[PDB]
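This chain uses plain numbering: 1 for the first residue, then up along the sequence. What you see below is based on every heavy atom in this structure, not just the backbone, and it leaves out hydrogens, waters and symmetry mates. For ligands, and for the atoms within them, numbers begin at 1 and follow the listed sequence.
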Amino acid sequence: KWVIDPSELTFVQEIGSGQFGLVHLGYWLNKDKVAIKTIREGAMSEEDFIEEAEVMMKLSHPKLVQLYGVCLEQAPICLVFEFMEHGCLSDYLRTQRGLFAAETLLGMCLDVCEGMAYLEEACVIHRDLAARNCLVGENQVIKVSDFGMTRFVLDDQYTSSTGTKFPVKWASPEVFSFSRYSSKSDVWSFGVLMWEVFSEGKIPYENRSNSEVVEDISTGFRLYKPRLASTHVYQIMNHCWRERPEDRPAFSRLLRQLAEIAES
Ligand SMILES: COc1ccc2cccc(-n3cc(NC(N)=O)c(C(N)=O)n3)c2c1
Ligand SMILES: COc1ccc2cccc(-n3cc(NC(N)=O)c(C(N)=O)n3)c2c1
């Protein structure tokens, strides 16, 4: 069962501040060390979230951050996750910039691709795959997290394609135009994530506003090759950024292609 009783949790140390509240390091009774995220009331549709717990709890892969359960006795509710000792991938790339071998960056892309190929096979769409949503664990392993979360987010400025805070930088054209989500729109976000990894955590389209990204992408602009990305890696990146979702490789195809490059 996904319901965790407040007596089954102990908060040990404040890790930091998330978007919707606080993140703590804690222990889960008779189980493991955990990361506990406290969610501010009004931030998410708790009822819609709770409804999908039975089905969603079954998703498990070595490259996906495990969400152990939800503490919902009293407001604010808590989300109990697998503890990822090195934090988010975006901050990790940024602080370790200049210390990454090209093979390590490719391996990080491979970890995310494998996690996404599992979600794609399970018919689960992430919707907002980005380095900020990926976590770094034991021995630099990368795990995908927060998949499907934007379906519960109550801030219309983030969820609506015309929203002031819409994550347009990771959006495929059918997503930014019509909110037409698929594993193929996740493939486009994966390409941007590959660019983020190979650029050692640089922000994509830093010099552009939301409508400028939409105009550039619609007119054929694509993110420049990062210095650390080989031409073969950049070709894969461009394949993720094909205008038509049908022309984009599936995650199962990307995984074979990226593994062949890594293993030589
Ligand atoms: C457990 O309750 C839910 C309820 C709704 C969900 C909707 C989308 C995704 C969910 N979700 C998110 C997960 N992990 C994560 N790091 O974000 C998992 C999992 N099985 O590890 N399931 C959900 C998990
Ligand atoms: C939020 O601030 C921090 C600062 C330092 C951290 C050091 C280690 C791990 C962190 N951490 C742990 C997380 N979640 C998890 N499942 O383990 C997250 C996250 N962004 O979801 N960040 C950290 C989070």
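In this structure, the salt bridge (charged side-chain N to carboxylate O under 4.0 Å, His left out) partners of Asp128, at least two apart in sequence or on a different chain, are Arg132.
Side-chain contact check for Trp2 versus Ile50: some heavy-atom pair is nearer than 4.5 Å. For the pair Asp186/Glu120, no side-chain contact is recorded, criterion being any heavy-atom separation below 4.5 Å from C-beta on.
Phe147 and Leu59 make their closest contact through CE1-CD1, 4.0 Å (heavy atoms, listed as atom of the first residue, atom of the second, distance).
Checked options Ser160, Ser161, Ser185; the residue passing with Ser179 is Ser161 (criterion: side-chain contact (heavy atoms from CB on, under 4.5 Å)).
Neither the backbone nor the side chain of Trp2 comes within contact range of ligand 1; no heavy atom lies under 4.0 Å. With a heavy-atom cut-off of 4.0 Å, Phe152 touches ligand 1 through its side chain alone.
The aromatic ring centres of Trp195 and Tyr234 sit 6.0 Å or more apart.
Any N or O atom pair closer than 3.5 Å counts here, and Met56 shares at least one such pair with ligand 1.
When the shell of 6.0 Å around CD of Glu212 is examined, it contains more than 12 heavy atoms from other residues, nucleotides or ligands.
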Starting from the N and O atoms of ligand 2, collect every protein N/O partner closer than 3.5 Å and put each pair on its own line with the distance to 0.1 Å.
residue  : atom   : partner : partner atom : Å
ligand 2 : 16 (N) : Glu82   : O            : 2.8
ligand 2 : 17 (O) : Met84   : N            : 2.7
ligand 2 : 21 (O) : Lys37   : NZ           : 2.7

